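First residue of the sequence shown? That's 1 in the entry's author numbering, and the numbers climb one at a time after it.
Below is one structure; the comments refer to it alone.
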Amino acid sequence: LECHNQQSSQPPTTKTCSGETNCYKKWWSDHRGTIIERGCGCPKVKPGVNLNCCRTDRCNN
């Protein structure tokens, strides 16, 4: 499964995951900025932080 890797405002980078056939994206705004991060798997959705789980390729962008 090929999903994105870049975070925050990085370039369009992807990578193949092994065993894991899922990817998720998490982001959260700060004082005067926005932090973004993606990866494979599906963590727990915590309150205050944005997170999205999907099973689509590069779905975590």
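Yeah, the Cβ is synthetic: ideal placement off N, Cα and C, and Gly gets one too.
Distance check for residue j and residue i, CA to CA, integer angstroms please.
{"i": "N50", "j": "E37", "result": "10 Å"}
{"i": "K44", "j": "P12", "result": "25 Å"}
{"i": "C42", "j": "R55", "result": "9 Å"}
Run through DSSP, which three-state label would residue i get?
{"i": "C40", "result": "strand"}
{"i": "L51", "result": "strand"}
{"i": "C59", "result": "coil"}
{"i": "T14", "result": "strand"}
How would you call residue i, buried or exposed, if buried means at least 16 neighbouring beta carbons within 10 angstroms?
{"i": "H4", "result": "buried"}
{"i": "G39", "result": "buried"}
Could you pull the DSSP bridge partners for residue i from this structure?
{"i": "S29", "result": "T34"}
{"i": "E2", "result": "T16"}
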